[PDB]
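Chemist: Contents are compact mmCIF, C-alpha atoms and all ligand atoms; file name protein-v5.txt:
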# COMPACT_ATOMS: atom_id res chain seq x y z
CA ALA H 1 -18.54 -21.90 11.12
CA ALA H 2 -18.54 -23.99 7.97
CA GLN H 3 -19.12 -23.18 4.32
CA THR H 4 -20.12 -26.28 2.36
CA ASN H 5 -19.23 -26.67 -1.34
CA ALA H 6 -16.69 -23.87 -0.99
CA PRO H 7 -14.24 -22.91 -3.74
CA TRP H 8 -11.36 -25.37 -3.46
CA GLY H 9 -8.90 -22.66 -2.32
CA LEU H 10 -10.92 -21.76 0.77
CA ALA H 11 -11.34 -25.43 1.67
CA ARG H 12 -7.59 -25.96 1.21
CA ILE H 13 -6.55 -23.24 3.66
CA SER H 14 -8.68 -24.84 6.41
CA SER H 15 -7.45 -28.41 5.84
CA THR H 16 -4.25 -30.34 6.45
CA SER H 17 -4.88 -32.24 3.20
CA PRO H 18 -6.05 -31.52 -0.37
CA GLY H 19 -9.39 -32.71 -1.76
CA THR H 20 -11.86 -31.37 0.81
CA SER H 21 -14.83 -29.15 -0.04
CA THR H 22 -15.74 -27.44 3.22
CA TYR H 23 -14.23 -24.15 4.43
CA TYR H 24 -13.96 -24.12 8.23
CA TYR H 25 -13.48 -20.74 9.89
CA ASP H 26 -14.16 -18.80 13.07
CA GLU H 27 -17.37 -16.71 13.00
CA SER H 28 -15.44 -13.49 13.73
CA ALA H 29 -14.34 -13.72 10.08
CA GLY H 30 -11.98 -10.74 10.08
CA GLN H 31 -14.49 -8.29 11.52
CA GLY H 32 -12.76 -5.12 12.67
CA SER H 33 -9.81 -5.51 10.30
CA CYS H 34 -9.21 -3.60 7.06
CA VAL H 35 -7.70 -4.77 3.77
CA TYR H 36 -6.54 -2.37 1.08
CA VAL H 37 -6.68 -3.93 -2.37
CA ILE H 38 -4.21 -2.04 -4.53
CA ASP H 39 -5.19 -2.98 -8.05
CA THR H 40 -7.56 -2.06 -10.94
CA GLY H 41 -10.27 -0.98 -8.51
CA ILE H 42 -13.23 -2.76 -6.91
CA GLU H 43 -16.79 -3.03 -8.13
CA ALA H 44 -18.02 -2.04 -4.67
CA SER H 45 -21.69 -2.45 -5.63
CA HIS H 46 -21.31 -6.21 -6.20
CA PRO H 47 -23.88 -7.98 -3.94
CA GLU H 48 -21.12 -10.29 -2.68
CA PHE H 49 -19.41 -7.42 -0.84
CA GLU H 50 -22.55 -6.62 1.19
CA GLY H 51 -21.67 -2.92 1.47
CA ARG H 52 -18.28 -3.71 3.07
CA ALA H 53 -16.27 -2.51 0.06
CA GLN H 54 -15.38 1.07 -0.75
CA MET H 55 -13.19 2.86 -3.31
CA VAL H 56 -10.96 5.38 -1.52
CA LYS H 57 -8.51 6.51 -4.20
CA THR H 58 -7.93 6.39 -7.94
CA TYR H 59 -5.04 7.56 -10.09
CA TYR H 60 -7.09 7.54 -13.29
CA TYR H 61 -10.18 9.28 -14.68
CA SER H 62 -12.60 7.01 -12.84
CA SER H 63 -12.61 4.88 -9.71
CA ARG H 64 -14.47 2.11 -11.54
CA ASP H 65 -12.94 -1.29 -12.12
CA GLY H 66 -13.16 -1.56 -15.91
CA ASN H 67 -11.00 -4.68 -15.93
CA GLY H 68 -12.16 -7.22 -13.34
CA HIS H 69 -8.79 -8.19 -11.86
CA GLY H 70 -9.16 -5.98 -8.77
CA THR H 71 -12.72 -7.12 -8.12
CA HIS H 72 -11.60 -10.73 -8.34
CA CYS H 73 -8.79 -10.25 -5.84
CA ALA H 74 -11.02 -8.28 -3.49
CA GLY H 75 -13.57 -11.10 -3.67
CA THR H 76 -10.98 -13.66 -2.56
CA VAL H 77 -10.06 -11.43 0.40
CA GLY H 78 -13.54 -10.71 1.68
CA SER H 79 -16.59 -11.51 -0.42
CA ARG H 80 -19.35 -13.49 1.26
CA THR H 81 -19.14 -16.60 -0.90
CA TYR H 82 -15.59 -16.47 -2.27
CA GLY H 83 -13.68 -14.71 0.51
CA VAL H 84 -11.33 -15.82 3.27
CA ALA H 85 -12.27 -13.05 5.70
CA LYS H 86 -15.99 -12.68 5.13
CA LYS H 87 -16.59 -9.72 7.47
CA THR H 88 -13.51 -7.59 6.78
CA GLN H 89 -13.67 -4.03 5.43
CA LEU H 90 -12.31 -3.63 1.89
CA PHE H 91 -10.73 -0.45 0.57
CA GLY H 92 -9.92 -0.11 -3.10
CA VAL H 93 -6.97 1.85 -4.46
CA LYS H 94 -6.88 1.98 -8.27
CA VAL H 95 -3.23 2.15 -9.35
CA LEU H 96 -3.71 -0.04 -12.46
CA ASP H 97 -5.62 1.13 -15.53
CA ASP H 98 -8.48 -0.86 -17.08
CA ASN H 99 -5.96 -2.77 -19.19
CA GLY H 100 -4.33 -4.01 -16.00
CA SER H 101 -1.17 -1.94 -16.33
CA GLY H 102 0.37 0.97 -14.46
CA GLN H 103 3.55 3.00 -14.11
CA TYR H 104 5.85 2.26 -11.20
CA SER H 105 5.55 5.89 -10.05
CA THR H 106 1.79 5.46 -9.66
CA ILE H 107 2.09 2.12 -7.88
CA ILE H 108 4.54 3.73 -5.43
CA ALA H 109 2.18 6.67 -4.86
CA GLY H 110 -0.61 4.21 -4.08
CA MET H 111 1.51 2.47 -1.45
CA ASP H 112 2.48 5.75 0.22
CA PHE H 113 -1.19 6.72 0.12
CA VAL H 114 -2.25 3.61 2.08
CA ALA H 115 0.39 4.22 4.75
CA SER H 116 -1.14 7.63 5.43
CA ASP H 117 -4.81 6.85 4.76
CA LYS H 118 -4.98 4.04 7.32
CA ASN H 119 -4.56 6.68 10.01
CA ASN H 120 -8.01 8.08 9.09
CA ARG H 121 -9.83 4.73 9.24
CA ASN H 122 -11.37 2.71 12.05
CA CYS H 123 -9.50 -0.60 11.82
CA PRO H 124 -9.16 -1.70 15.45
CA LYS H 125 -7.94 -5.21 14.64
CA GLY H 126 -5.37 -4.02 12.10
CA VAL H 127 -4.58 -3.26 8.47
CA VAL H 128 -3.51 -5.42 5.51
CA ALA H 129 -2.51 -4.41 1.98
CA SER H 130 -2.85 -6.87 -0.90
CA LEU H 131 -0.70 -6.24 -4.00
CA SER H 132 -1.44 -8.62 -6.87
CA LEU H 133 0.89 -6.85 -9.26
CA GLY H 134 4.53 -6.51 -10.15
CA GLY H 135 7.11 -6.17 -12.88
CA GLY H 136 10.87 -6.12 -13.33
CA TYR H 137 13.16 -5.36 -10.42
CA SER H 138 13.05 -1.81 -9.05
CA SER H 139 14.72 -0.70 -5.85
CA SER H 140 12.23 2.20 -5.60
CA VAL H 141 9.24 -0.12 -5.76
CA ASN H 142 10.82 -2.42 -3.20
CA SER H 143 11.52 0.53 -0.94
CA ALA H 144 7.89 1.67 -1.19
CA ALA H 145 6.67 -1.78 -0.13
CA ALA H 146 9.13 -1.82 2.78
CA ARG H 147 7.88 1.61 3.90
CA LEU H 148 4.29 0.44 3.81
CA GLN H 149 5.16 -2.62 5.91
CA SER H 150 7.21 -0.49 8.34
CA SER H 151 4.24 1.87 8.77
CA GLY H 152 2.29 -0.97 10.43
CA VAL H 153 0.51 -2.61 7.52
CA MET H 154 0.71 -6.29 6.69
CA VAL H 155 1.89 -6.27 3.08
CA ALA H 156 1.18 -9.29 0.88
CA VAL H 157 2.57 -9.32 -2.67
CA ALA H 158 2.43 -11.71 -5.61
CA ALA H 159 5.58 -13.66 -6.43
CA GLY H 160 4.93 -13.31 -10.16
CA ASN H 161 3.92 -15.65 -12.99
CA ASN H 162 7.20 -16.17 -14.88
CA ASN H 163 8.17 -19.64 -13.60
CA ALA H 164 11.40 -17.95 -12.52
CA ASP H 165 13.29 -16.80 -9.43
CA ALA H 166 11.27 -13.96 -7.91
CA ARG H 167 14.53 -12.17 -7.00
CA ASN H 168 14.26 -10.38 -10.36
CA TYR H 169 10.79 -8.98 -9.79
CA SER H 170 9.30 -6.17 -7.70
CA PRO H 171 7.81 -5.78 -5.20
CA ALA H 172 8.10 -9.61 -4.92
CA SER H 173 11.82 -9.38 -4.18
CA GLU H 174 11.49 -7.06 -1.16
CA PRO H 175 12.46 -9.32 1.77
CA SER H 176 10.47 -7.48 4.46
CA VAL H 177 7.02 -8.08 2.99
CA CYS H 178 5.06 -11.31 2.51
CA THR H 179 5.78 -12.77 -0.91
CA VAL H 180 3.21 -15.30 -2.06
CA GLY H 181 3.57 -18.18 -4.55
CA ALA H 182 0.73 -20.17 -6.14
CA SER H 183 -0.38 -23.81 -5.83
CA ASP H 184 -3.07 -25.90 -7.50
CA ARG H 185 -5.80 -28.15 -6.17
CA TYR H 186 -3.49 -31.18 -6.26
CA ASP H 187 -0.87 -29.47 -4.09
CA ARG H 188 1.54 -28.87 -6.93
CA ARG H 189 3.31 -25.56 -7.38
CA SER H 190 1.29 -23.79 -10.06
CA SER H 191 3.18 -24.24 -13.32
CA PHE H 192 3.49 -20.45 -13.79
CA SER H 193 4.43 -19.60 -10.21
CA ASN H 194 7.71 -17.87 -9.49
CA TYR H 195 9.88 -19.43 -6.79
CA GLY H 196 13.12 -18.75 -4.94
CA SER H 197 14.43 -17.99 -1.47
CA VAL H 198 12.51 -14.72 -1.18
CA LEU H 199 9.14 -16.53 -1.19
CA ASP H 200 7.55 -16.68 2.24
CA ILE H 201 4.47 -18.79 1.65
CA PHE H 202 2.24 -20.44 -0.97
CA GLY H 203 -1.52 -20.09 -1.36
CA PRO H 204 -4.13 -21.44 -3.82
CA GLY H 205 -3.60 -19.82 -7.20
CA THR H 206 -4.86 -22.08 -9.98
CA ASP H 207 -8.52 -21.99 -11.09
CA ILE H 208 -9.78 -19.64 -8.41
CA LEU H 209 -13.46 -18.71 -8.51
CA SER H 210 -14.30 -15.22 -7.30
CA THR H 211 -16.23 -12.05 -8.06
CA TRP H 212 -16.05 -10.26 -11.40
CA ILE H 213 -17.34 -6.97 -12.79
CA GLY H 214 -20.91 -6.68 -13.99
CA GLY H 215 -22.00 -8.44 -10.80
CA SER H 216 -20.65 -11.73 -12.13
CA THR H 217 -18.13 -14.44 -11.19
CA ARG H 218 -15.32 -16.25 -12.98
CA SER H 219 -12.37 -18.51 -12.41
CA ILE H 220 -8.86 -17.33 -13.23
CA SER H 221 -5.30 -18.31 -12.34
CA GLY H 222 -2.20 -16.53 -11.07
CA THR H 223 -0.02 -15.61 -8.13
CA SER H 224 -2.45 -12.67 -8.23
CA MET H 225 -5.07 -15.10 -6.92
CA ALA H 226 -2.84 -16.63 -4.26
CA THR H 227 -1.92 -13.28 -2.72
CA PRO H 228 -5.44 -12.33 -1.52
CA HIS H 229 -5.82 -15.75 0.18
CA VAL H 230 -2.84 -14.83 2.35
CA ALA H 231 -3.98 -11.21 2.79
CA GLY H 232 -7.41 -12.38 3.91
CA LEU H 233 -5.87 -15.02 6.16
CA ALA H 234 -3.76 -12.32 7.85
CA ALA H 235 -6.85 -10.15 8.45
CA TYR H 236 -8.63 -13.18 9.88
CA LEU H 237 -5.75 -14.03 12.24
CA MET H 238 -5.30 -10.42 13.35
CA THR H 239 -8.99 -10.23 14.28
CA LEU H 240 -8.54 -13.41 16.35
CA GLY H 241 -5.60 -11.74 18.12
CA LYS H 242 -3.15 -14.46 17.09
CA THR H 243 -0.68 -12.10 15.46
CA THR H 244 0.01 -8.46 14.48
CA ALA H 245 0.80 -6.69 11.19
CA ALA H 246 4.52 -6.82 11.92
CA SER H 247 4.66 -10.55 12.51
CA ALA H 248 1.75 -11.98 10.51
CA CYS H 249 3.80 -13.32 7.61
CA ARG H 250 6.14 -15.11 10.03
CA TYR H 251 3.16 -16.45 12.01
CA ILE H 252 1.51 -17.72 8.83
CA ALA H 253 4.79 -19.45 7.84
CA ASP H 254 5.19 -20.92 11.34
CA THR H 255 1.68 -22.38 11.34
CA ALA H 256 1.56 -23.43 7.67
CA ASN H 257 1.07 -26.87 6.22
CA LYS H 258 4.66 -28.02 5.78
CA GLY H 259 6.01 -30.33 3.09
CA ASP H 260 2.66 -30.85 1.32
CA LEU H 261 3.57 -29.26 -2.02
CA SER H 262 5.25 -30.94 -4.96
CA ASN H 263 7.44 -29.46 -7.72
CA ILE H 264 9.11 -27.08 -5.26
CA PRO H 265 12.72 -26.33 -6.30
CA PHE H 266 15.44 -26.80 -3.67
CA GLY H 267 15.86 -23.55 -1.74
CA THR H 268 12.21 -22.55 -1.95
CA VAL H 269 9.99 -22.98 1.12
CA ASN H 270 7.45 -25.81 1.14
CA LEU H 271 4.79 -23.97 3.14
CA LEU H 272 1.09 -23.66 2.38
CA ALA H 273 -1.16 -21.14 4.11
CA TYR H 274 -3.37 -22.75 6.78
CA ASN H 275 -5.81 -21.28 9.29
CA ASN H 276 -5.47 -23.96 11.96
CA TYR H 277 -9.15 -23.86 12.74
CA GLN H 278 -10.33 -26.19 15.43
CA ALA H 279 -14.00 -26.26 16.38
PR PR A 1 -0.55 -32.56 4.96
PR PR A 2 9.51 -11.93 3.36
Transcribe the structure of this file into structure tokens.
Ligand SMILES: [Pr+3]
Ligand SMILES: [Pr+3]
Modeler:
Amino acid sequence: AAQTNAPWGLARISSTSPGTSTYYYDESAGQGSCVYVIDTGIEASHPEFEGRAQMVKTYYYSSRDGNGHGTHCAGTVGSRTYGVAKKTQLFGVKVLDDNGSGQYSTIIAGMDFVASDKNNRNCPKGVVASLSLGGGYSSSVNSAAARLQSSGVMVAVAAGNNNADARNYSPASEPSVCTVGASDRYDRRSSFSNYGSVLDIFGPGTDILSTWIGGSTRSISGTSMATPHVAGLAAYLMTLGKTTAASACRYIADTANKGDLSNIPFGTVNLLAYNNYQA
């Protein structure tokens, strides 16, 4: 299948070179997989989700996304127009308040929740969790991410936006998950993207158009935007049977565009998420 005039990030993950405008993908499009978006919530009623999005848990007074951030990330995972895996099932877990913040204890509870909740869902092709959040280093937060991964969920987390070594941030610094840096449409490391040896992969993160609350759209930037590209890519690959939750990050790294990025510090991987689609 082919989506013409796609957002640049979708086109980039189906090309060996920057500058293309078509997103090439297999028609299966992540059908039968599930992605938990652990964030500010999801505006599930947005037309772009086509009824495939559902709030399953909130840690605040409402399950509504009063912020937009979670809806944006969810859109990059699996919205019709802006999503990588256009037929995946989306589950929202609201661990961040409408200001975009949350206590570590709540974020940990949300991860433990997903590990259990997935056992009550029909996700025959597998389960992904997308975490576009983080803060200063915490061994408890890292441990929670490692548990979630161990439970059989592909965990993708943002590297952080501090232009620093991600070793000092959580859950970015947990080695066993998939830590995602950001790039721009000219294949440069995004100027805000964290780096370091703990990064596994880069994805498009600068000027990413996706869904927003109030049934709208907007373009924003961050490693928050790169992470759902990789989460959606994992769902897509799991549906195709190419990989499993345990090995998806490694498979994505193995099959990535290599050496294409500029402004990558020595010691950081030069790997850009790529779906390897061949008609
Ligand atoms: Pr290339
Ligand atoms: Pr890793």
Chemist: Pick from H:152, H:171, H:32, H:102: nearest to residue H:136, with all atoms listed in the file counted?
Modeler: H:171
Chemist: So which one's closest to residue H:107, H:128, H:209, H:38, H:55? Using only C-alpha atoms, please.
Modeler: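 Of H:128, H:209, H:38, H:55, the one nearest residue H:107 is H:38, counting only C-alpha atoms.
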Chemist: For a test of reading the model, state the distance in Å between atom CA of residue H:161 and atom CA of residue H:12, rounded to one decimal.
Modeler: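 Spanning atom CA of residue H:161 to atom CA of residue H:12 is a straight-line distance of 21.0 Å.
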Chemist: Around ligand PR 1 (chain A), which protein and nucleic acid residues have at least one atom no more than 8 Å from it, if we count all atoms listed in the file? List them as a ChimeraX atom specification.
Modeler: /H:16-18,257-260
Chemist: Within 8 Å of ligand PR 2 (chain A), counting only C-alpha atoms and all ligand atoms: which residues, as a list in words?
Modeler: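 Those residues are residues 174, 175, 176, 177, 178, 179, 198, 199, 200 and 249 of chain H.
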Chemist: Which residue, H:9, H:214, H:222, H:47, has the smallest gap to residue H:24 when you use only C-alpha atoms?
Modeler: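 So, comparing all the options, the nearest one is H:9.
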Chemist: Find the spatial neighbours of residue H:165, counting all atoms listed in the file, within a cut-off of 7 Å - ignore same-chain residues fewer than 3 positions away - and output them as a compact mmCIF listing (two decimals) with C-alpha atoms, keeping the file's coordinate frame.
Modeler:
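Final output, part_37.txt:
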# COMPACT_ATOMS: atom_id res chain seq x y z
CA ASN H 168 14.26 -10.38 -10.36
CA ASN H 194 7.71 -17.87 -9.49
CA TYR H 195 9.88 -19.43 -6.79
CA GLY H 196 13.12 -18.75 -4.94
Chemist: Between H:187, H:39, H:207, H:50, which one has atoms that come closest to residue H:88, using only C-alpha atoms?
Modeler: H:50
Chemist: Rank nothing, just name the residue among H:111, H:208, H:44, H:264 nearest to residue H:189, using all atoms listed in the file.
Modeler: H:264
Chemist: Here is a test: counting all atoms listed in the file, which residue of H:116, H:197, H:101, H:217 is nearest to residue H:71?
Modeler: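 So, comparing all the options, the nearest one is H:217.
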Chemist: Please identify all polymer residues within 10 Å of residue H:192, counting only C-alpha atoms, omitting same-chain residues fewer than 6 positions from it, and present them as a list in words.
Modeler: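 Non-adjacent residues within range: residues 160, 161, 162, 163, 164, 181, 182, 183, 205, 206, 221, 222 and 223 of chain H.
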Chemist: May I ask for the distance between atom CA of residue H:271 and atom CA of residue H:252, given in Å to one decimal place?
Modeler: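 Between these atoms lies a distance of 9.1 Å.
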Chemist: Excluding stretch 59-61 of chain H and its own-chain neighbours fewer than 5 positions away, which residues fall within 8 Å of it when counting all atoms listed in the file? Please give them as a PyMOL selection string.
Modeler: chain H and resi 94-95+97+106
Chemist: Between atom CA of residue H:143 and atom CA of residue H:108, measure the distance and give it in Å to one decimal.
Modeler: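 The value is 8.9 Å.
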Chemist: Would you mind listing what lies within 9 Å of residue H:150 as a PyMOL selection string, with all atoms listed in the file counted and same-chain residues fewer than 4 positions away left out?
Modeler: chain H and resi 145-146+154+176+246
Chemist: Kindly extract all protein, DNA and RNA residues lying within 6 Å of the coordinates (-0.3, -19.7, 1.3) given in the file, considering all atoms listed in the file, and supply them as a VMD selection string.
Modeler: chain H and resid 201 to 203 230 272 to 273
Chemist: So for stretch 172-179 of chain H, what box centre and size do we get, axis-aligned, 5 Å extra on each of the six sides, every listed atom, Å to one decimal, as JSON?
Modeler:
{"center_x": 8.8, "center_y": -9.9, "center_z": -0.2, "size_x": 17.4, "size_y": 15.7, "size_z": 19.4}
